[PDB]
Structures are given as C-alpha cells and as structure tokens.
4 protein chains.
Amino acid sequence: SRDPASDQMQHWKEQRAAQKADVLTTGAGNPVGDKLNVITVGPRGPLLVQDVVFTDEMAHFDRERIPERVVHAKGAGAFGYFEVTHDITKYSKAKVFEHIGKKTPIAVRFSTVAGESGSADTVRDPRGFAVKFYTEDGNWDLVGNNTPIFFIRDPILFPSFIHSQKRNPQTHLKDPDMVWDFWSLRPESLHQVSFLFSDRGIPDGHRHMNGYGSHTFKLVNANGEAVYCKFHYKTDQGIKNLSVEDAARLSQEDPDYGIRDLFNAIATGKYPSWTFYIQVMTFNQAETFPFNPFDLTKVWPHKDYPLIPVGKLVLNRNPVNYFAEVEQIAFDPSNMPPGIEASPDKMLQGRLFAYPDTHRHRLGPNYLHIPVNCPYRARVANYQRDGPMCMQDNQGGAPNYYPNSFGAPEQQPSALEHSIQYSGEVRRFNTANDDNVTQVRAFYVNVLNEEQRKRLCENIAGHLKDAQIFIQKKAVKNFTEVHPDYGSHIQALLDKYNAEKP
Amino acid sequence: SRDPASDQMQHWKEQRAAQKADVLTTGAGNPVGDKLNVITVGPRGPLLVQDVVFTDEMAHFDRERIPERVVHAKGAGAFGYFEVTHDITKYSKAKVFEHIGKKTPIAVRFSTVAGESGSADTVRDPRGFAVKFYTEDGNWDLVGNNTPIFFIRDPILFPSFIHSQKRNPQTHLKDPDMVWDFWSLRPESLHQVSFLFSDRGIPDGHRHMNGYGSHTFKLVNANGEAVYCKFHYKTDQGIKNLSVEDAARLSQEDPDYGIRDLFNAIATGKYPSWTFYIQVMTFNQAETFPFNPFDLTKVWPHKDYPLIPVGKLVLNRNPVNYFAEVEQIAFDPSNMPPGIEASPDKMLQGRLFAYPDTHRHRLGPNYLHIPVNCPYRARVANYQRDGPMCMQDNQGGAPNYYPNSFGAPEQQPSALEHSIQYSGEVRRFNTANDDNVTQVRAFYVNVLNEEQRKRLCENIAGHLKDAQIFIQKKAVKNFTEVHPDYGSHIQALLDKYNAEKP
Amino acid sequence: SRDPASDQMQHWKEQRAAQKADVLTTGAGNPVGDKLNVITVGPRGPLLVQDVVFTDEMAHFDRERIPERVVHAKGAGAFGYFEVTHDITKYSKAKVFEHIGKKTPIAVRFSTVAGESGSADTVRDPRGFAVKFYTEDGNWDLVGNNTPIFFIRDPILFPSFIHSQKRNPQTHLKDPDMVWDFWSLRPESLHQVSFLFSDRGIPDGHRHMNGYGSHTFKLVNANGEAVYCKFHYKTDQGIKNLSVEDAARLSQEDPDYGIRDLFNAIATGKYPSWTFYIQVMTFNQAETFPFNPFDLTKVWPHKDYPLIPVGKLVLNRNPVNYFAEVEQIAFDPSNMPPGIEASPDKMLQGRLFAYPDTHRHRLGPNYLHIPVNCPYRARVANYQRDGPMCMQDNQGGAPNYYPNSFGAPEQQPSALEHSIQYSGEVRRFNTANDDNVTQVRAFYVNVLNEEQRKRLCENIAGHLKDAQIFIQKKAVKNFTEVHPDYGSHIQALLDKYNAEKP
Amino acid sequence: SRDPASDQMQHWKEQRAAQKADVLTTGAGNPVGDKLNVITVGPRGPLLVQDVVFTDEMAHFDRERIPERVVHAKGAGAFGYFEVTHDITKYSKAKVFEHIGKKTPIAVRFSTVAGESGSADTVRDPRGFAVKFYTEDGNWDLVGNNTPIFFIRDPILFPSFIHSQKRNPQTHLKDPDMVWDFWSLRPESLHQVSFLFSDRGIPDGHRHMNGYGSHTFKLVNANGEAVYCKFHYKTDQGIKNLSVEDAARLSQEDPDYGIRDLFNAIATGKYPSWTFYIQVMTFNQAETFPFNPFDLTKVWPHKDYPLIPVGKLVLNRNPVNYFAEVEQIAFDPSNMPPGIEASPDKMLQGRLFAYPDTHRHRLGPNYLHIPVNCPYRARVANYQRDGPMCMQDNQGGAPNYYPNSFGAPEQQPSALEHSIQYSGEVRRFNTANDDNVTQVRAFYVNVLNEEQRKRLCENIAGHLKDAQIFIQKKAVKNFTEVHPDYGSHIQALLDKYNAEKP
C-alpha cells in the first residue's frame, strides 16, 4: 500500500467489490460489442464511416479540452464547511453568519497565478485561495489570495500586469525585461513584490498559507448600518515555506506537489483548517485613515484594526472527479449575498465585471448550472431563459417577463443594496503617485529580521539580474525609496551577477 | 376561456394557486431587492458597474440564441410512447420490439426543411418526422420524413441541394433559378419533386401526415440472421392537406399553425397516433430487386413487400419548455440499438457522420447530457470524459482507459454488428444515371387521378415559371421523360405564364 | 431580363465571360477529382472514412449557422457614404464632421425587432436603422430606430420587454397576454405604442422611413465645451407606409419585401438618401427642460430645439455576400470617436455594455477583425492579444504590456472624455412614474388627424382584443389617461370584438 | 547584448528607431485618452459602465485562451522551405516534387505528447514533428513523430492510450499504474516503449532528432501507377540526446529549453536542416512482406527498403507572433495533394477523421482561413459558405450549389484518387495478437550496444517501479518475450527498487 493518491484506482476497484463490470455504452447508451478494433473492408482494408463506436468516442476525445483560466490555471481543489464560532450579526445580516455553530458547505480552489496547466506547483508566485460558500441566500464567492495586497491599485492595468508576467509574445519565453520593466515603471507594486520575494513567496503546499479577501468589503446589518471590513483566513497548520533550493528540486521531482499534499492530507484524515477573521473600519475611520482604505496596495495595521474572529474553514473532502469539480468550478466576486457588498476599491469594481465575463467564455453561458457552481441550497427563480447547454427545465412554463400579472417570481425589498453619496467629478483620477513606500518600509524594517532581509534581497537580485541595466537601475531606485539598505543590498548583489555575466 | 395554447399563462397561475411568488434571484441564487431600476449616480447620473443584477441579467439575455438547425429549423415537438402490438422478434432482437404491449417513451419533432426559425408552417416542403425512442439499449433515433423518398441518392450532393433550396448568397432572396437549375440538372429528383408538388406537399398540420424512415435499414435477430426493412408510420387521423389558397392565407394569419394545432390537440386530449409498420426484404430479394434497393429515390412496391404491423406511436404530452425540449432535442440516425443497423444506402451512410457533427456545433460537445437527449432508461458507462459543460460526475474516479485491470466497463460481445462481404473496387461510382423515371411514371399514372395530375402540373408551373427559359426547357424535358402528358401539361401552363410576363 | 435581384446568378456568369471555371478545391486548396459521388466498397457497399472530400464539405455545411441576433434578427444591408454639407465643428471636434464635403464610407443594416431570421418584412414593428461610419478616429456606430423614442426608460426592463414581444416559453406562439400584460403594467410604453400602431408602424420598405439615434448624446468641441444632441436622419424618398391589408398580402407573397426593394433600388441606380440633422440642447437648457431630457420615452419638441442640418447619408452599393457583410456586421453604440460621447440616458448606458457582450457570443471574441466590422480607415494599435480566430499578425512582436520602455503604442490625451459632476446617492431611482402621457397627448391631438386617430384605435383594438379582459381593462385605463377619446374609441372597438368572440 | 531570444523587445524597439509611438486605440480604432486609470465617481467612488476603454480591454483579456491541443500541447514552431534535390516523379505526380530545385515554403511545429502548455520540454516522450508544405495543389500536412512507429496499431485505442499517459481523473496526478496497466495489457506497445526508454527518448532540443511520417502512404504517378512509401527526415545537425540527469536539471532551470534552442539557432543564422527520404514498397512486395506493411508498430528494414533521397527541409525563419503562427497552426493528415494518398493503415484512417474534427473545436469552423493555415499558394474555390468568423468575401456572389449552369468551380478529373479492390468481410478484425516482439528483438540485440541496453533497462525500471507488483509482473513477462535478458535485467532493477520501498 502506497500514499492514498497513488492507490486511487486500486481503492476504486475495491469499492466495486463483487459488482460485475458495467456494460460499455456509446454516449447515447447503446451497448458496444467491441471497443478494441475498428470496422475495415477485410483485415488490411480501409476504415468504414458506419464505425460510429469509433467516431462517437474519437469525436468526444477531440473536444475534451476547454480553455484554461486566463490566470490561476494550475490548481488543487477540496470541499468542506465553514462553521460560525462567534457572533458578527451586529456587523452583517448575512445568513452565512446567522448564528453560532451554523455550518455552510464550501468549495476551495488553490492555484498559482502565471503558470499554465502543466506548470510546477513549487514556484515563486502569489497563490489563489478561492472559497465558494453555498448559503441559503445563494453562493458567496470569496476569491482570495495568500497575500493581503496586490501589485496594482487600478484594474485597467491588470491585463498589462498579467501580460508582463507571462510569455514574450514572439519567443513564448518568460521575459525578465517584461516583468521588471512593468514593476520598475509601476512602483505601487513594491509592497506585493516585497511579500512575493520573501519566504512566503513559496509556501509548503496549500495547507501552510493564509488566505485574505485582500479588498475592503462592506458589511450591512439588519438595521441597514454599514461598516467596511477585510477578511483574513489564517492557517491552523501554521505558516511553512519551501527554501528556494527545495522548491527548485520539487519543481522537477513533483510538479504536482500541492495537489498531492492536499489530496493525501484529506485522504488520511488530516483535515486542514483556517480561522476566519474580519477587521472592521467604520465609515468615520475610513474618512480619517492615513491612506486610501480602498487601496489594494495597503493593509489595515493590526493595532488600529484588530482581527475579530468569526468562524473556521475546514476541508474534509477530496474531489471525486477533478475536471467536474476543480477545472469547471467558477468563482465570481460579484456573488455576494445580502449583508456583504463591494466597497469602492477600484480593483474590486473591475473584478465585478471580469469573472462572469470570462466564465461565459471558458465554461459557457449556463456555467452556473454546472453542479459545482450551482447555488444548490437556494431556489433559483428569475426571468433568465435559454442559452446553450440549458439543463433542468429552463424554469418550465413560468412567465418569462417582469413585471407580470401571473404570479412569477418577485423582487425582495430587504435584499436592496446600501446607499451612499459620493463627492467629485465623474472622470479618470490618477492613483500612480499615491504613497508607494510607507507600508513597504514598515514590512522591511519592523516585520522582517536580518536573515529575512538578506534572503529577500538575494531572491530579488537573482530574478532582476536578467533584466537590462536601465531596468535594473530604475528597479533599484524604487527599492532605495523604500529604504537605502533595501536598494543598496540589491545593487551589491546585482554588481556581483553583472560582473560574472560576460 | 380560449384555446389551451392562448391560456398557457392563466393555467400556469391557476396551478400555483395559493402559493406565494418565488423570490426573484440572480443566477447564483442571491435574492434581488429591485429588478425594475438600475443603480445610477443620483437620478440623472451614469450607470454603475456594481449593478451586477443588471449585468447578470443582461449578459444572460445577450447569450439566449443558439445556432438554428442547418435544415429543419422551424419545428413543433411532443412526447408520448411507442407500444408493440405484434411480434417481429423473428426479424429483430431489438429490446424496443421485445414483447407485445411493451411501452417505450418517445419524443417527436415535426419540421419543414428550408424555412428558418421565424418562417410559416403552411408552405410547400417535405416535413421532418423525427422520433426518439428511449429504450433500455439506449436511444434509437428514427429521423424520418413525411415522404418515403428523397430528392438525391448521393450524400455529397446534400449541401448543394440545401443551398439551392435556401437564399441566394448575395441577395438573401429565395431563387427559383437556383431551385430549378439544381433539379433540372439532377433528374433523380423527379420522384420526390412529383410528391412535393402533389397535395401531400402541404399537410393540414403534423397530425394528418405519414412518417417514413425513407432508408433501407437492416434488422438482425437473436440467431444473427439479417433482413433489410423500411419503417412506415401511417397517420391514424387520416391524410388531410391544405389547398394552396388556404395554405397561403394561413402563412399570413397563423405562421405557427402546426405548432398551435398539435399543442391544442394534446391539451384537449385528442392524442394523435400513427401505426408503425415495416416492409421486409431478404438478402436474396435484395440481389434480384429491379432497382438498387438501397436507392433513396425508390420505394418498395406494396404488392411485392406488404406492410407488416409492429406497433403504435401516441403523442399524449406537450413540452413544458419549448427551448429545453424541442429547440435543444438532437436526433442521430447513428443512435441504433442492437437488432437495428445501417444498410449500405449511401445517403444513410452520410447521415451517420453529419448529425453528431452538427450537434456538437449547434448544442455543444456534451449535448447527449441535455435532459431531452439523455438515454435515461440506459446506464451510460464508458471511457469518454470532460469537454465543455460537463454535467453529472463525469463518471467519478472510474478508470478512464480501456483495457484496464480495475473493473471499469466492459464490451458486450452480443452487441457486435452483423458482418457482410462486399464485391468491387473502393472508388466513386456514378449513380446519376440510375433509373430516374420508372417509379415516377407509376406515381403519375397509377396513383394520381386526373384532378390530382392537373393540380400537380399547376403547382409545378407556378414555381418553375420564375426560372429562366433555358432552365424551364431542361426541367420540362425531364418531366416529358416521365410521361409526355406530364411534360406537355407543364409546358402549356408555362407558355401561358411566360406570355403574361412582359 | 427580370429585376436585378432575380438576375443575380445570370449577371455573375456574364461578368466571368470567357474565363474558364475555377478548379473545385477542398478547404485546404487540394483539387477535387469528383464532388458528385462518394467512395464506397463497390457500387452497393458502405462509405469509406478516406472520402475526406465528402467529410470536409459536410463538416463545413454542419457548421454554417451562427446564432441569430437576440433582437433585430431579420435584416437588409447596404453600403454608401456620409457627406458633410454644413459646419457643426462649433458643437463637435469629431473627424467625421471635420469639414464641408468630407465623405466617410458607411454600412447600414435595416431590421424589424421581434421576428426571427425567416419572418416577414411587412409586419407591425419598430425598424432598426443602424449606421456604421468608418472614420479615421475609428468606427462610429449610430444604432438607430425608425422612431425617436422607445417603449421603456430603464435598461433592466429590456430583456422582459423583448421576452413579452417574442414567443410563449411553453407553446412557442406569439402571446397577446404577454405583450399587453407588460405594456399595461408599464405605461411609459404609451408614447412608442402610439407610434407603433399609427401608419408609420409598417413602412413601405426601408427607403421610406426616418432613422433617429433616439438617445441624447453629448457633443464635445475642440475647446472641451459639451452640448447634448439628438441625431435625426429623415428620408429623402419621403415617408410612405403600407396599409394593414397590403402589409398582410405582402407578408405571404413577399416575406423578403424590404430586402428585395432595397437591393433593386441600388441595382437600378435609385440610390436612397437621408438628410442627417442634429438637435442641440445646452447643459443649462437640460437643467430647465420640463421632462428628463435623457428619458428615451420623450422627444425634444422642434419649436424649442430645431433641426440643424449636418450632412447626407447615401446608400449606393449592395452587399456582394449577405452572410459576410450583413449577417456578420456588428454595431456597438459604445464605438464613439472623440467629439461624441454617451449622455447619462440610462437606456444608452445599458447599451454600452450589451452590444460588445452579445457580439463576442454571436460572432466570436475577435468579431472586430471580420472585414465589415474592421476600423479599416484607422490603425488599430493596442495591448490586446490572442483569442480564438486571431487573424492578421496579432500585432507581431510588439510589447504587450503598458506602460513599457520599448516604444509600443501610447495614450493620446486629446482623446480624453469630458468630465461632469453628478449630484445624489448611488442607488436605484424609480422612473416608472415619470410623466407617461403629456407628449403622447400632443401626438394624439396635434400630430394625428381624425382619419389617423381612427386607424390608430382600430390597429390597437385588433391586437389587444386577443388579451384577457383584465389586461384589456388595464390597457384601456392607460389609453384613457392620455385622452378620454383615445381610451373610449379603443373600448368601443373591443366591445364589438369581445361580443363576436363566443 | 544577450541571446537573441532575451533581446526580443530591445530588437523590436531598435527596428522602430525614430518612428513616433502608434496611437493607442480601442478594438474599433477609437483613440484612447488614458489607459492607466478608470472612470470613477470622484477619487474614492465606484467604477462607471461608460468606461468602455476598460471594458473593451478587459473583455478581450477575458477571452485570450483557446483550448490547448488535446495532445502535443507544448510546442515550438519555425518557417522555412523544402527543396527538391532528386527526381521521384516516377513514384509521385505531386507538384511539391515536380522538378529538382523546386522550393516550397514550409511551417513546422515540434512538440512533446502528454505535457500540457506549461510543462517542461526536456522530459521522456515522443516528439511531434509536423510539417505543412504550402504547395500549388493546396497544403500537404506531413504530421510526423521523432519515431518511425507508435504504441498501438488500432485508432479506437488512441483515446485510452492518451488517457493512461495523462492525469488520474480523480487526483489529477500522473499515474504509473495507468501508464503500465495499459502497456502491459497491450504488448504491441513494446517496440515504441523500447525506443521511448532508449537515449532518443530525450533529444537535445528539436534540431537533433529525426522525423518520420511513421505511416505507410501511397504515391501515385502521372500514369496512375501506385506504390507504398514511408517518409523519413533525418537531422543534418546529427542525433544528440540529453542524459536523464541533464534532462532533469533543465526541466527545472529551462522548462522552455526546446523553444529557446530553436529560436536562438535561427536568430543566429544556424538554420537547422533535415534530409527528406522515402522508402518505396511495390504492391507485390506489400503482399509478401513478413508482417502487415500497414502496421504502425513495424518498420521496413533498410536492407530490403533503402532510403531514396528526395530533398531537404530548412528552417530559416522564427515566428513573429507565437500565438498567431504556432498556437493557431493546424495540421490535417487528410490534407494530401494529388500524387500522395492514405494507405489502409488503420491508424492513418483514424487520423483522417480526428484532426479536422478537433481543429473545428480548438480553433473554429473557419480555422483554414487563419493566415498560417491558409493554402495561400492555391486558389480555394468551392461550394462551402458561412460559418462563424467568416473572413474574406465568403466567395462573393458565386453560385453556391453544384452542379450549376452558371460557371462556378468544376471538378478536375486528373485529381481523382487511385482505385484498389479489397478482399474480406466488413467487420472488426482483431490485430492485438499480430507479431509484438520480432522487430523489438532486432532493436534490442542488433541496434543497441551493451551500454545502451543497460540504460534502456534502468530507464524502464525507474518508471515501472512505481506501478503495483501485479502490473510489474505482467510488464516484465512481455519484456521477457522480446528477449530473456531484457526481462531479467528489468526484473533485477525492480527487485532492488521494491526492496528499498518500505
């Protein structure tokens, strides 16, 4: 007996036990006499069209692949539940938080950002930590990262950021000039670049990392009072990171390290958990916060905004079929039940549009009817009809226009969004020259020790050495603005690497 | 109270009765506070992206349409059953025929051929009469027409035939030159053109027409003995046709005449039935038949090949949702359970390829999992996985390769196809100059009376008058070869029409 | 010789003249020996897979259909130019208006709203009048109707409105209960319902109708000063309408009446033109306008806001291939060059999202590279890459992220949008009970004469008679609020129809 | 200055030189004022829908990914030419071979088989070596491998073979049980497994490997005389292989090793070439060949069937855009000009269907109009019309049905396929127990030396050690049947590995 992952097929055979093999059918349920040989004109003759077993099978094989996610393509999934352990109903009327001990089923997908489907798990990247909560008020998708911040604060830069992180459009090679040209020109990236090149840039699998919603959200209570919050889901297995050397070894030996680690943990009963916290900021505190509290390059310091515990995430179930439950799962940040709403974080606003839009391409118009995406603890009743691969009854003969005089579904005024007044012109406001260094300096000085600062600078220099000198210069200038020792330590390592380079 | 079709919504409201209206949700099951107004910056300001209710709804609306069927776009559907009334188990081991009184659920779609989705029902065209039998050996699709024959005997001509019958590629107008240039150049069309322009060219709705499989199929019994057969499903409501004048009136007044007629019949308990017959021809009779018995332009005369009764088709249920059950239904002639097989009819061979192929485009790779297409009285177990809009479990963790040592599904040797030897070179054989007139003459002389011959010639002349003279000449030449009176009567009417034409 | 439309193929043959027929090829340019017969095992044997001519052809045929437009499916197209005849550069810096006599190529598609692809042209409906201007500042799509107003003033009602106008979801029949339940519940529809049921509800083909942008747009001049405008394009062939009786006759005799009329006009040199006007309203006039000037159910009266002439639209070219140039053409109201911008008309704001969204489904992600949609008088240079059916070079090896240090395309600050301040909370504002009758009364009393009022009431009663009495009552109540004689005349006709009804 | 691949962007900037940056446009060619910031309601307000720059860009980004190839996903491409150096016009009338020194442009894609898009180049796998020849008789796709043979001889096993080589359907991990269960049950795989686990299982990039057509094809000369042939394209750079240790290192250090190697070779003028040979076998030799000459698990020994030189393949051009020219390129083995035809190799027959079928899914119906796939040295003229993303003119107003009387394209009887008679029943013939060992033994004994046999057995044992013992036993049994020393050496290494395993 090996690890449970290695024994998947042996275990499947054992569960079947005395059961006779199912009859092998075509897609249309017609039994197949022989699937090992095609119909030919005698033993050395050509293949006949009336071999429909062959064509049925081959035509399906020809269509197996769907587009990979534009980002976060390489992932691992698992199922479990969220349990409420504390009352936050003062902040949010959301049914998911309704009472202590209320259990909600969840689905999680962990991912890297830039790698395609066949890429290695144990690489330096932000990790995605997406959680789908199947509530009675519909699905809530908290599409988090393993970092509280991001590289950019305006969503129109997102495609450019991802392009710079992916392959050269001509050579199809990863390109340090592209990576560092973009970051050196957009110094709002320094905070997340500091996190990325620190030890938590390569977690030891998915169980040993935190998740964050990253954005400011808005909680609304039963009295219609709103606060702003951040969501934090801190690992109960403890933070653990791979060394650059072990990460490199594993990238070759076990490209699927994270998938295997998580599958084996859950298969052997070692159910990974995370403690779910919020930070709360009142609308008055948002007016007086030293930065933009809706700026995705900024945290809320823990002294001013302590973590309020809410509940626990537990993953206790592996997917039965990876394609059905992990490849096809879709998280939309716009899937927010009543009591949880978007802040005006510009990055969150962009994500409200982009995810349903990419889901309709990647999966199809009716992707919310794929079982893993279905809000199966809610009744879907609306005026939406048809579209390709329409499953179930398409809401039967129910009236398909609103308003109507025939008793079809009705708006629920309690589900109405929280209203705010906003001051200013409708236009494009520059946020490039918001504060790019203050919190990065707090991280470098107050959070990292001396050993950690040395590895941070070694990890950066090792990547940045491959960029052109003009890019190295602009990158080091930005690091120097954080702290002279940050910049100078990087420049010192670059001088060594650029000298070795013929 | 009006006809049941007109009262669809009133009846839906009545069934709901005391029930409170369902809560109006987004696709992800999140309740909607207000679906009558969008979120704006004050009462005369611009629309906000965070109006995801608006975007969810509008994005679905934007994707409602799927491609129409390349042919037979305009249709009416209904459900019911096939009941065996006689034993043909001597001819076929097919479970659908297994014992007297065995009931199998069916789905039927009636259609015209050339009209697009918004076109009129009461036009001159062949009608499609497609029957899906949900058997325990998987689905059997008998994709029949309201005529025993077709216009062509080689499938490589099918796209050309349909192009000639549809719109001019530049003007987007129906084009008599295209229609009659093609038919006049391909005189194998005379038999089906004679049927088309006779009284049965415009049935009085779907209940008053026969269906035919048209092709020769092969029945195989439990001893592995094969015969050839034709399938005939003769209306129990009796043949009834619209006059050209009534057909024209209805095309304007009731474009959906056939849909309405069928829906109202079933809603008022007038359940239309058809008697299901076979004709049988032994392999020896196939050697000695005066024509090619696999030629789709030929019938088997009833004196030599009498109708053997088998069962009854009954339609007793309307679709609950037209899009879900009629627009999305897919019939594949290649869906044949054991005991029923393709003959070497070249046209049937082409159809073995074309239908699954168009279904994967029109509906999607996984179109067999759409509920109306699902073989729900059979267990589908095979090595096919994934593809877009993968529903159910994608066969869970079952081994996905064959052969395997882990107890996944197994071929069933009893389901093996019937073997035949064929004589000749593998090449393209010309069938253009097979007999194009003998059976057409039998129809003109022995089956039509004098009144019927007059209307046949008036219906043809009225269409053919719009073609160029050179096409009229070639068309009349072919009609003359059937019978001098056929040709001369048409030429006489054309002389009258061409004289009136300035 | 017949009409030019009827002679399309004869004319094509004549242009070819002495030229030998092209060699018939597969899709991959391989010459075809025989396309009239398939490869079989001898003359009565089965079809071979190695017949790739057959499969290449059939597989293409299987994929011919794309989804029809969700609305405005049935259309006619033509090409020509817009010519400036007056200076409006005081109002707009748009290059399309730059100097007198400046010619810009245009594409136009005329359509009905509710009919599917095979439906009749000569039916009561609004007509679409979409104009694409191929300018040097990219395409400008003015996606107009043959009416200055619409049935609704909030875009979240659009899918419901279109559902109510299309087929019952169960029966697939047009449903007067659905049509009149929706209109009777949404009396903002009265203005466009009055226009719809008047004589201009059935134009005599496309050449004899006006087009309107319908929405308020914003013009911005070279000094950055903004006004609001309406666009009007008045027929130079004069308004002409079909009688209900002639419209009904033509629906049967010539379903493609509008396509044929337009094709024949342009083929015979009778080039239809429209005079292009604007109405202008200053930002101060917008503050003091008695209604919401951004309300799509309201006109700007001509006395207060006279038509300022701008130029002339001329259609002088037929499409060479209908599918390539009319079926595949896509108009996005969001395609606005500098000098032309969206007003805060809520309906226009909805249309900014919906059209690119439906285009990516109906045509594909890269639909702007389809030749008729390509901005071929502008250089497209940006950071967009890849997507299915990527044509041209995908911008070669150009840097694919912004900002960059490598000289790839740069933002043009002169192309920056006009900034405005808006007052109020971000929320859903009810507009149902805005004024629904004032301008409708002006139309009934001041614009229609006595004969026209009689036909208006006869046309409404003839449709509304089929709705349930409770709907008839609510409909008549709303008509009565416009004018007692409007309501009473309709009720009188209904009493007659409801008495005849058993 | 670095390697040319690293300098892609610097070189692009240099070519631009004094040229001003292009203006940044939307997809519709409208200039963009600012692409660095979105439109918001004041500086901390929500995002507006009328930010169409944002939506245009984001919507395109959302749709960038197309499905990866179902197999051979990870690839490198290049362009060049084929030059004829010898006369084989006695064997083939194909224009590509017409006269000595005739140059034909080519496109090549090199690939591994099982890896997804982000996987490492330097792994043990067969390599794809696909060549597209743009001839005047249309495209010829020679879709070859770096091995003359394959693992299976019946195409209905292909999906199972690829499934066994890819990820476990539940765990999404590579599974040695799946790999070796399949191979141990299908011992026809021994020949290609022996090649795979030998030194040529990991070439040193694409320039240092041979290509083979693998299948028997049929050459037909101007007199209509047919022979059978194999195509061989032997590297002029010489065979060179990575050691397992270097391959493992490079998999981590340079996942894109093969892409980089090839791009840098061509960028520095080191244009890789291959010598193109045929082996010829007459129809009489095919009758008397000791094996099935159409069996893809068998070679034609060089002594009996010497290599006849034909020409040279040269790659002298890199792709300008990888997505446009390498990701979107499609090779169909069915794209064969006159003079080259399919043999009855069952595997080739399956490939005649599968490639156009997967291309219509992966790329779209009109994938042959993507510039890299276009037969641009041939005139495409046929009766195929429409389909999504129809580019060019869709053949204008040409008649769209065949036959016609209007001078549209005509079949070319010289392009007719070669006719053969075949003996036997139309049925499924078992080929599992064809000879599985004779040629494998010739390889083990006569072609490998002692050092090579040792590495062969070490490479197999290192993979097979991870399979269950029952699979190891069945695998070793099959190796023993090749040669007792083959089996025993593997069993010896397994005993060592299975002892180390706790």
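Below, chain A is the first sequence line, B the second, and so on; all start at residue 1. These values consider heavy atoms only, across backbone and side chains, with no hydrogens, waters or symmetry-generated copies.
In terms of non-hydrogen atom pairs under 4.5 Å with chain C, the most contact-rich of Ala432(B), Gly424(B), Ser117(B), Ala354(B) is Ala354(B). If you tally non-hydrogen atom pairs under 4.5 Å between each of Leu47(B), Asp357(B), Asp256(B) and chain C, the highest count goes to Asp357(B).
With a 4.5 angstrom heavy-atom cutoff, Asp175(B) touches chain C only via side-chain atoms. In this structure, the portion of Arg427(B) lying under 4.5 Å from any heavy atom of chain C is its backbone and not its side chain. Interface remark: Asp254(B) contributes no atoms to any contact with chain C (heavy atom separation under 4.5 Å). Using a 4.5 Å cut-off between heavy atoms, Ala73(C) makes no contact with chain B at all. Heavy atoms closer than 4.5 Å to chain C are found in both the backbone and the side chain of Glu68(B). Using a 4.5 Å cut-off between heavy atoms, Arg69(C) touches chain B through its backbone atoms (N, CA, C, O) alone. For chain C, no part of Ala114(B) is nearby; none of its heavy atoms comes within less than 4.5 Å. In this structure, chain B has heavy atoms under 4.5 Å from both the backbone and the side chain of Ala5(C). Only the side chain of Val71(B) comes within less than 4.5 Å of a heavy atom in chain C; its backbone stays farther off. With a threshold of 4.5 angstrom between heavy atoms, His163(C) approaches chain B through side-chain atoms but not through N, CA, C or O. Only the side chain of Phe263(C) comes within contact range of chain B, with at least one heavy atom under 4.5 Å from a heavy atom of that chain. Both the backbone and the side chain of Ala248(B) come within contact range of chain C, with heavy atoms under 4.5 Å apart. At a 4.5 Å heavy-atom cutoff, the contact between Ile66(C) and chain B is made by backbone atoms alone. When heavy atoms are compared at a cutoff of 4.5 Å, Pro155(C) approaches chain B by way of both its backbone and its side chain. The contact between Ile162(B) and chain C is made entirely by side chain atoms (from C-beta outward), counting heavy-atom distances below 4.5 Å. With a threshold of 4.5 angstrom between heavy atoms, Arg153(C) does not approach chain B through any atom at all. Using a 4.5 Å cut-off between heavy atoms, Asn321(C) touches chain B through backbone and side chain atoms alike. Neither the backbone nor the side chain of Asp295(C) has a heavy atom closer than 4.5 Å to any heavy atom of chain B. Residue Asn168(B) touches chain C through its side chain alone, counting heavy-atom pairs closer than 4.5 Å. With a 4.5 angstrom heavy-atom cutoff, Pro43(C) touches chain B via backbone and side-chain atoms both. Looking at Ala76(B), there are no atoms closer than 4.5 Å to chain C (heavy atoms on both sides), in backbone or side chain.
Contact of the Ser423(C) side chain with the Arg44(B) side chain is not registered, since no non-hydrogen atoms from C-beta on lie closer than 4.5 Å. Between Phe353(B) and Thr55(C), some side-chain heavy-atom pair lies under the 4.5 Å cut-off. Counting only heavy atoms from C-beta outward, the side chains of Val326(C) and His172(B) never approach each other to under 4.5 Å. With contacts defined as side-chain heavy-atom distances shorter than 4.5 Å, the pair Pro169(B)/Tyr322(C) does not qualify. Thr171(C) places none of its side-chain heavy atoms less than 4.5 Å from the side chain of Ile259(B). For the pair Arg428(C)/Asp51(B), a side-chain contact is recorded, criterion being any heavy-atom separation below 4.5 Å from C-beta on. When side chains are defined from C-beta on, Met9(B) counts as touching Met178(C), because their heavy atoms get closer than 4.5 Å. With a 4.5 Å cut-off on side-chain heavy atoms, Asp154(B) and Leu36(C) do not count as touching.
Taking each heavy atom of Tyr422(B) and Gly45(C) in turn, the nearest pair found is CD2-CA, 3.7 Å. Nearest heavy atoms, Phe429(B) versus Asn37(C): O-OD1, 3.1 Å. When all heavy atoms of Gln50(B) and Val426(C) are compared, the pair lying nearest together is NE2-CG1, 3.6 Å. Nearest heavy-atom pair, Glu57(B) versus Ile156(C), reported as atom, atom and distance to 0.1 Å: OE1-O, 3.2 Å. Listed here is the closest heavy atom pair of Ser251(B) and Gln252(C): OG-CG, 3.3 Å. Considering all non-hydrogen atoms of both residues, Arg65(B) and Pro67(C) come closest at O-CB, 3.7 Å.
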Full working for side-chain contact (heavy atoms from CB on, under 4.5 Å) between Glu116(C) and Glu116(B) | CA-CA 8 Å; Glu116(C) 299 84 10; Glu116(B) 299 84 10; over 6 Å; no

Between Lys346(B) and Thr40(C), is a side-chain contact (heavy atoms from CB on, under 4.5 Å) present by the stated rule, with each step listed?
-> CA-CA 8 Å; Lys346(B) 292 187 195 190; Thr40(C) 55; 4.0 Å; yes

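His361(B) and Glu64(C) are not linked by any side-chain donor-acceptor pair at a separation below 3.5 angstrom, with hydrogens and angles left out of the test.
Between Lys74(C) atom NZ and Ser119(B) atom OG the span is 10.5 Å, to the nearest 0.5 Å. Interatomic distance, CG of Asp466(C) versus CZ of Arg2(B), reported as 8.0 Å (0.5 Å rounding). Note that NZ of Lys174(C) and CZ of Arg260(B) are 12.0 Å apart. Values are rounded to the nearest 0.5 Å.
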